[PDB]
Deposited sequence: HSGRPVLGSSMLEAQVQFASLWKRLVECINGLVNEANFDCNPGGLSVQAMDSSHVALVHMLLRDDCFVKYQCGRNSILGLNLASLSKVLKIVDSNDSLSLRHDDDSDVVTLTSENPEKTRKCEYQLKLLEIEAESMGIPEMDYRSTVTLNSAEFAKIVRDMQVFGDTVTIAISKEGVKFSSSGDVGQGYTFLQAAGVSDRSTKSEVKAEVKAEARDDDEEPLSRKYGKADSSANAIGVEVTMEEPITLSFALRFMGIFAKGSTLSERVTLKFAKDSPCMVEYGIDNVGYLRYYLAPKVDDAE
């Protein structure tokens, strides 16, 4: 059986939101190292990889590796009612077809218990592309979020140009033609060459909801290669998205 208590459900609420944006069901891999969702979107273009490390939690027990299919829709619909500042313990007793969240008040005056059915989740097609990333750029997560919401009013394909002295997000639509430019303030560009990719803005949008977790996001790029955008969870996990460049 697995047991994993978070001090503040804050985290789970902020986390499941991000990943429910990409996929409506995902397998949690629970080894003793910690919890680990790694799923693809249905178009096989974007991949989430989240790791919560054991020291993320106040209580963690997972003797042997169980895999739990959860419906992230339902999980979302529940965590939406769990209070920010309540604790949330997630258990599964090994034989059962259910997982169980339990939410206590600091002052123990109120206890909530919800239980969700597990699923058989079919395809773990996967393949964490991890190549070598030449170009990097790091910025206030919420700025990144605004910039994709901004580029969205124009077209549906942000074009990111990276150069010694800053980064240029450009889009184009019927409304006209935008560009936001961030001078290398703040904004830690640190590349090897000039480098320009483009990207489905739908997905950048799903990823940018990341800003709920980390003051700062990091985008990593390489030619012909999936960008990765990584949100650091404290020093106790990562939410990490990869997305195929647009070509054709």
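Of the deposited sequence, positions 1-10, 196-236, 300-302 lack any modelled C-alpha atom.
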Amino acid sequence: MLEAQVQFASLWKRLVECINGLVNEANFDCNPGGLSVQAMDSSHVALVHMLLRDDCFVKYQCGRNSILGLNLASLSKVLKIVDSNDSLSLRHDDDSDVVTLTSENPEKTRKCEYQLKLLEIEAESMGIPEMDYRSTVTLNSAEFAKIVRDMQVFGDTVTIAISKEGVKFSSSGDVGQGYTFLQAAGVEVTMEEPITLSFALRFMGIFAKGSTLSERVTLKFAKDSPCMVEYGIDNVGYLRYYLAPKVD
From here on, numbers count along this sequence of modelled residues.
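Definition used throughout: the rigid core is the maximal C-alpha set that superposes within 1.5 Å between two forms.
Of 120-128 and 74-82, the stretch whose C-alpha atoms sit farther from the shown form in 4 other deposited structures of this protein, after fitting on the rigid core, is 120-128.
Comparing the deposited coordinates for 141-149 and 93-101, the stretch with the larger average C-alpha B-factor is 93-101. With 189-197 and 49-57 compared on mean CA B-factor from the PDB entry, the stretch scoring higher is 189-197.
In this entry, the residue among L72, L119, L79, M126 with the greatest C-alpha B factor is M126.
Comparing the listed residues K223, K220, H44, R202, the entry records the largest Cα B-factor for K223. Split the chain's modelled residues into thirds by C-alpha temperature factor. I162 is in the highest one.
Sort the chain's modelled residues by C-alpha temperature factor and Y114 lands in the lowest third, per the entry. For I233, the recorded CA temperature factor ranks within the middle third of the chain's modelled residues. Sort the chain's modelled residues by C-alpha temperature factor and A244 lands in the lowest third, per the entry. The entry lists a Cα temperature factor for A184 that places it in the highest third of the chain's modelled residues.
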